[PDB]
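Let me begin by presenting the structure, written as structure tokens, before commenting on it.
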Amino acid sequence: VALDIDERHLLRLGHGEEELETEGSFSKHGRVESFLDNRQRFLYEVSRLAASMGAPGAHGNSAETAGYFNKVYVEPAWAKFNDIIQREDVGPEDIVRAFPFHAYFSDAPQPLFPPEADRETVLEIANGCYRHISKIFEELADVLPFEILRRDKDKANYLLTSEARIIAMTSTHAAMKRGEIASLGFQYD
Amino acid sequence: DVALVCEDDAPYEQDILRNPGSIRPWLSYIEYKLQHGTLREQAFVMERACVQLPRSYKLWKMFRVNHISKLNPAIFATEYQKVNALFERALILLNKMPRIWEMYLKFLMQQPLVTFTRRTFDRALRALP
């Protein structure tokens, strides 16, 4: 957690009665609760971005709906921004003025684009904003598979098999659940 | 699309401008376009109603793609892409609707894209009850 490791890809295997000394619950129920909280935060952020961009409808109602609306809105907008920045006659001021996420980034510490910043720095800032939007969309899409499954055990199995990239377990827990791990189709490198 | 609206639909346009979120005026305009207007004008009015009011279940259930089903999808792929975008917007607004999902599945089965139809069927199975 102190290093650059995502909490969504981090999971812990063991008994549910053990006390978690970490600040965040790394168990299956704790990971599900953290994913639900991240999904709610991403839905609120997507609703705020849709209100700033003037997108009609409730885009923060569901994670799949948020992903579809985010694609159908941002992808033409990001393509238009990239086409405008691809022109050789477009300067840093034109690139800053053509950014469509200025209202969404208004909550950030002003200025988003410095006046002394060159075209490269403005392009880097726009790419950082687009990467933040894409990371929010990816978090919503990752939390969508948990919301699609209804059973908690099925959601935990789907998270451990595919969604989890780092899984920490004890030797006794690995030995007791070796057959379950083999039957679940979980693969490690 | 400007020529698709005539003087008869001018009162309907004024009523839509006065009340942009009225389900009854939109339904009345759709019924007037279906009863008197041409197929292209009715399709344009239905597309405008779906774009303006995508959360209306009655508008989504009464949506028809019969104006593009009679054409070859290999030559009329632009109309198929527009219908796919409209269905994506409807699924963004009405993801819990089973009738809209069935209509989208039928439209995908009409098209020859096997992988896209399989992905749509998987998404419908994962997203519905």
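Relative to the Cα centre, the charge distribution of the protein assembly as shown, modelled as +1 at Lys and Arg Cβ and -1 at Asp and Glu Cβ, gives a dipole magnitude of about 1660 debye.
Estimated from helices alone, the mean residue ellipticity of chain A at 222 nm is -18000 deg cm²/dmol (sum of -39500 (n - 2.57) over DSSP H runs with n ≥ 4, per residue). Simple point charges give the picture: +1 on the Cβ of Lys and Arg, -1 on the Cβ of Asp and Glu, and for chain A a dipole about the Cα centre of about 740 debye. Among the chymotrypsin sites (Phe, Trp or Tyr not before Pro) within the range B:32-129, not one is in coil by DSSP while having at most 11 neighbouring Cβ atoms inside 10 Å. Think of each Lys and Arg Cβ as +1 and each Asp and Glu Cβ as -1; about the Cα centre, that makes the dipole of chain B roughly 780 debye.
Normalised by 2.2 N^0.38 Å, with N the number of residues, the alpha-carbon radius of gyration of the range A:99-189 equals 1.71. The relative contact order of chain A, computed from alpha carbon pairs under 8 Å that lie at least 6 residues apart in sequence, is 31 percent. If exposed means no more than 12 neighbouring beta carbons inside 10 Å and the site is in a DSSP loop, what's the longest run of chain A without any exposed GluC sites (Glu not before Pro)? My reading of the result: A:117-189 is the longest stretch. Exposed loop sites here are chymotrypsin sites (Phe, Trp or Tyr not before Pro) assigned a DSSP state other than H, G, I, E or B and surrounded by at most 15 other beta carbons within 10 Å; excluding them, the longest clear run of chain A is A:1-185.
At an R0 of 30 angstrom, the distance between the Cβ atoms of A:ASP118 and A:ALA2 translates into a FRET efficiency of 0.30. Between the alpha-carbon centres of the range A:99-150 and the range B:1-58 there is a gap of 37 Å. For the protein assembly as shown, the alpha-carbon radius of gyration amounts to 1.23 times the rule-of-thumb value 2.2 N^0.38 Å expected for a compact globular protein.
Loop-located trypsin sites (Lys or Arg not before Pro) in the range A:125-172 (DSSP state other than H, G, I, E, B) with a sparse environment of at most 14 neighbouring Cβ atoms within 10 Å: A:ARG150, A:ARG151, A:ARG165.
Ordering A:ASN38, A:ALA117, A:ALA51 by Cα displacement along the dipole of the range A:34-165 toward the positive end leaves A:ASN38 in first place; charges were set at the Cβ atoms of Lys, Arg (+1) and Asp, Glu (-1). Computed from the C-alpha gyration tensor, the three semi-axes of the ellipsoid equivalent to chain A are 40, 18, 15 Å, from longest to shortest.
Note on A:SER134/A:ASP154: beta-carbon distance plugged into 1/(1 + (r/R0)^6) with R0 of 35 Å gives a FRET efficiency of 0.80. Structure note, pairs A:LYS28/A:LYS71; A:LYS71/B:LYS58; B:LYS58/B:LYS82: Cα-Cα distances above 28 angstrom occur for A:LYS28/A:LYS71.
Each of A:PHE81, A:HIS29, A:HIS9 was scored by the projection of its Cα onto the charge dipole of the range A:1-116, and the greatest displacement toward the positive side belongs to A:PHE81; charges sit on the C-beta of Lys, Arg, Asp and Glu. Here each label is just a point 7 Å from Cα along the line to Cβ, and for A:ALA51 and B:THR115 those points are 4.0 nm apart.
The convex hull defined by the C-alpha atoms of chain B has an orientation-averaged projected area of 8.1 nm². Between B:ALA10, B:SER69, B:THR115, the Cα set farthest toward the positive side of the dipole of chain B (charges on each charged residue's Cβ, about the Cα centre) is that of B:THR115.
Sparsely packed loop sites in the range B:1-90 (the trypsin sites (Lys or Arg not before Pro) outside DSSP H, G, I, E and B with at most 10 other Cβ atoms within 10 Å) comprise B:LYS70.
Laboratory data are not the source of any read-out in this text; all were calculated from the coordinates shown. Cβ atoms come from the backbone with ideal geometry, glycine included; neighbour counts cover every protein chain shown.
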